[PDB]
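Both ligands and their constituent atoms are indexed starting at 1 by order of listing. Residues: numbered from 1 along the sequence shown. Reckoned from all heavy atoms, side chains included, excluding hydrogens, waters and symmetry mates.
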Amino acid sequence: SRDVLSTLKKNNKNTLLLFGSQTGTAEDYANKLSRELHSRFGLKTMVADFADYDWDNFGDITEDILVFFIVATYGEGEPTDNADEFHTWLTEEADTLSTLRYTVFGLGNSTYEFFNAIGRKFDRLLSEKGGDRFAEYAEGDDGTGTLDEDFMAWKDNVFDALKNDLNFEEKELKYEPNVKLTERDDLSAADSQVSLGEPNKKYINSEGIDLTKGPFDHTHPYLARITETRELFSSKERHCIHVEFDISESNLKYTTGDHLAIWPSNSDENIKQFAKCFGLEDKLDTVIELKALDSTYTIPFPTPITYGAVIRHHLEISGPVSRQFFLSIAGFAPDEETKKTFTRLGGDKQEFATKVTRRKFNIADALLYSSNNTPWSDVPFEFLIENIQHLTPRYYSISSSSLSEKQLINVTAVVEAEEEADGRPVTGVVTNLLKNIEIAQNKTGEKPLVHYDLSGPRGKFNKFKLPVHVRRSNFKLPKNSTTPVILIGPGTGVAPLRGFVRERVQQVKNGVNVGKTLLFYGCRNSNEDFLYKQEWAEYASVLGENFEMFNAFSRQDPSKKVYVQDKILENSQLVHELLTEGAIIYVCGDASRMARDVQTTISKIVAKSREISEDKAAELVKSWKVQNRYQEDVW
Ligand SMILES: Cc1cc2nc3c(=O)[nH]c(=O)nc-3n(C[C@H](O)[C@H](O)[C@H](O)COP(=O)(O)OP(=O)(O)OC[C@H]3O[C@@H](n4cnc5c(N)ncnc54)[C@H](O)[C@@H]3O)c2cc1C
Ligand SMILES: Cc1cc2nc3c(=O)[nH]c(=O)nc-3n(C[C@H](O)[C@H](O)[C@H](O)COP(=O)(O)O)c2cc1C
């Protein structure tokens, strides 16, 4: 079953699309491309997760299979978890791939140093080992906001290659469903086999199954009770939530520095606007059953299920709208005046960006703009199941210590929310869910901007439970507790660093010899947004002279805006002294600006302190990253 070649043949497929994805974008692109290849070119396509196959025989792939690799870069130039075994195979075991025909699209972000390392590496190694690159490599940049249009441009070039180099006939895009829906008017919420949004089918049967026992992963979460929450900012307009999850009654395990994945549900406001857009407002309790029309299509949620459960618990209805979604759905436009507007917007990259993307429209808002509020009632709900990405967990840096509190997981989440001039709320799904929980749990009297179902499917999320799982990270304290560490994490970057500090505090209490800990923190104003302000002196009391903390306030004084890199420079003698003692550097938080400014500042310190050029020092600091002496948890 893990032989991909045998799987292609058995399913009568001639086209393989492989996705390396951590948060689902690469998977969604592979699905989008697959459907278009099938409709426009008649290709018999299979979308595959690298993790579902073993790769030892892949060198035997035949010339009649076209392979598309859609691959994200993660961590520090590393493969996505699902692609790790393929990456080990290609880099270490693969010999030749003499009849492979392939093309690669990389997903990455140019604010990271190893930009699109994986797409570039796959594309190069596949060629070096004898593969035939049939369409040029291209890559997308999530750091500058061009990723989606980069993908569209690459896809256009792939289609040119198919049509003009391989002489395939290209037909017009048409919706060719891979799934069939049937309404079950005989079923209702009263029927226990009907999903009301449970995370998977194990949560629907579960009469005498232990839902507290292992293992928990991206296919199977633990419903973790939130025992307490706290608003950490004093600002009325900007919020950050401390969350404590009780895991004591379960086999869910974590280690300091790991990530918690929180499984979302959508807000009432976004659901309402989605149902209005598609004429589903009187159908939300109606039960549907889904059947695959293609032997390699996996229905992405339990069936049977209600429309409302699919929309609330399974579809990523919010977020930037791909122009490819406009192109795919245009055939279902409700009327001619709409089709004219919608076809124009879908075909013009720049006007799409101005009229849809920069307004931060969700699907529902963009389609209703285009149709002057006429519902898109001709859109088959199957089309939406296939063309909107599955609602994916968000990761949080755990802020508790597994040594100190093995039975609790903390996270520290800044809430993303704004209102547009036209009154629309533009919200982060998970973070507004956590804010709603904090408001309700603490009876705060704040009015939530958007609202969620805090009880969940059949009341199964009651007493403020959410589905979670833990992802193991390589962001880890040194094996040797006497090794000094330098911890840099302004804003929510402090989250894993709180975990680290709490671990070292407990270690000192366990009579362990712990090395020096230097922490560089920053926020706007000591009286506004200083995370965990009270705790740090308590930690200092335990750790003694083996802990020093320096704080940078960016807004306290307008004449002197101060950031963590300014405090690192001010304390350069100490920082470098610790580096000479083998200190490990950990940088956490904002990838876009902070991480790069900090790295530059550290490089300058190394250059001055060691009498080497700035570029030689920069290259040395880069080698520390490769060697895991300089670690990042930046997003
Ligand atoms: C390894 C890792 C560790 C992390 N650690 C932490 C941490 O410790 N703490 C923390 O706070 N975060 C952390 N994050 C970030 C976190 O995973 C989330 O990305 C963040 O909390 C936002 O999630 P959300 O569901 O609220 O927002 P999302 O729903 O993903 O929305 C993202 C943004 O898009 C905006 N938006 C919504 N709709 C639209 C639209 N139509 N057009 C344009 N924009 C729109 C939202 O308002 C928001 O600003 C980490 C990320 C990673 C990868
Ligand atoms: C924690 C983290 C680390 C990342 N590391 C890199 C990197 O080293 N190089 C890069 O080009 N992009 C990097 N990215 C950008 C992702 O590849 C990019 O957001 C991509 O679109 C995600 O695709 P996915 O949703 O399929 O996982 C990183 C993103 C995150 C969140």
Side-chain angles (χ1 to χ4, degrees), residues 19-30 70-83 106-120 139-143 145 147-148 150-151 239-241 243 257-262 264 266-267 270 316-321 356-366 389 391-399 410-418 420 424-435 449-450 471 473 475 489 491-499 531 588-591 595 625 632-635:
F19 65 84
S21 191
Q22 196 72 36
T23 52
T25 313
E27 183 176 2
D28 184 59
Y29 289 176
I70 311 301
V71 293
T73 299
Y74 201 58
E76 203 66 275
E78 300 157 65
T80 56
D81 293 345
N82 81 307
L107 295 71
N109 176 328
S110 61
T111 70
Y112 288 82
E113 184 161 14
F114 300 104
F115 178 56
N116 267 297
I118 299 299
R120 289 171 177 199
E139 64 197 359
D141 193 347
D142 222 4
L147 171 66
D148 198 69
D150 295 334
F151 175 71
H239 307 295
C240 185
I241 305 307
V243 183
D258 286 346
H259 306 151
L260 185 76
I262 301 178
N266 288 305
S267 57
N270 290 351
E316 196 79 64
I317 66 183
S318 78
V321 177
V356 178
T357 311
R358 75 169 303 275
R359 301 202 59 190
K360 304 179 184 168
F361 284 161
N362 296 318
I363 285 162
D365 310 286
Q389 90 166 261
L391 187 61
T392 63
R394 280 61 161 164
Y395 295 113
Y396 295 88
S397 297
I398 293 168
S399 56
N410 290 149
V411 299
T412 309
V414 63
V415 179
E416 299 290 349
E418 66 175 39
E420 304 305 302
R424 284 181 297 110
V426 175
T427 60
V429 180
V430 170
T431 60
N432 284 269
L433 171 56
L434 302 174
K435 184 57 176 170
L449 183 59
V450 296
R471 178 199 173 261
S473 77
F475 197 78
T492 53
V494 87
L497 310 181
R498 179 181 182 261
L531 296 169
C588 303
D590 173 50
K625 294 170 69 174
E632 294 177 312
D633 178 23
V634 298
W635 62 88

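Under 4.0 Å from any atom of ligand 1, one finds heavy atoms of residues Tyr74, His259, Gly319, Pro320, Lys360, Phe361, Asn362, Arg394, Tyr395, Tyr396, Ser397, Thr412, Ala413, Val414, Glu416, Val426, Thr427, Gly428, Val429, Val430, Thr431, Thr492, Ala495, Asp633, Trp635.
For the side-chain contact (heavy atoms from CB on, under 4.5 Å) test with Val429, the passing option among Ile262, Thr392, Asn266, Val450 is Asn266; the others fail.
When all heavy atoms are compared, the tightest approach of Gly140 to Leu147 is CA-CD1, 3.6 Å. Contact between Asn116 and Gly108 at its shortest, heavy atoms only, is OD1-N, 3.2 Å. For the pair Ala26 and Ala72, the tightest heavy-atom approach, listed with the atom from each and the gap, is CB-N, 4.4 Å. Of all non-hydrogen atoms in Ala83 and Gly20, the two that sit nearest each other are CB-CA, 4.3 Å.
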Enumerate, one pair per line, all nitrogen or oxygen atoms of ligand 2 lying under 3.5 Å from a protein nitrogen or oxygen, stating the separation to 0.1 Å; write 'none' if no such pair exists.
residue, atom, partner, partner atom, Å
ligand 2, 5 (N), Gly75, O, 2.9
ligand 2, 8 (O), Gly75, O, 3.3
ligand 2, 8 (O), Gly77, N, 3.0
ligand 2, 9 (N), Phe114, O, 3.0
ligand 2, 11 (O), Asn109, N, 3.0
ligand 2, 11 (O), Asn116, N, 2.7
ligand 2, 12 (N), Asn109, N, 3.2
ligand 2, 14 (N), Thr73, O, 3.4
ligand 2, 17 (O), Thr73, O, 2.6
ligand 2, 17 (O), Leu107, O, 3.4
ligand 2, 19 (O), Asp142, OD2, 2.8
ligand 2, 21 (O), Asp142, OD2, 3.2
ligand 2, 25 (O), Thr23, N, 3.4
ligand 2, 25 (O), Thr23, OG1, 2.6
ligand 2, 25 (O), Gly24, N, 3.3
ligand 2, 25 (O), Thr25, N, 3.0
ligand 2, 25 (O), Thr25, OG1, 2.8
ligand 2, 26 (O), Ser21, OG, 2.6
ligand 2, 26 (O), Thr25, N, 3.2
ligand 2, 26 (O), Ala26, N, 2.8
ligand 2, 27 (O), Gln22, N, 2.7
ligand 2, 27 (O), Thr23, N, 3.0

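For the pair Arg394 and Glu316, the salt-bridge criterion is met [side-chain N within less than 4.0 Å of a carboxylate O]. Note on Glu139 versus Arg120: salt bridge recorded, some NZ/NE/NH1/NH2 to OD/OE distance being below 4.0 Å.
With hydrogens and angles disregarded, a donor-acceptor distance shorter than 3.5 Å links the side chain of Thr73 to the backbone of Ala117.
The aromatic rings of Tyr395 and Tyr74 are tilted relative to each other, their planes meeting at an angle between 30° and 60°.
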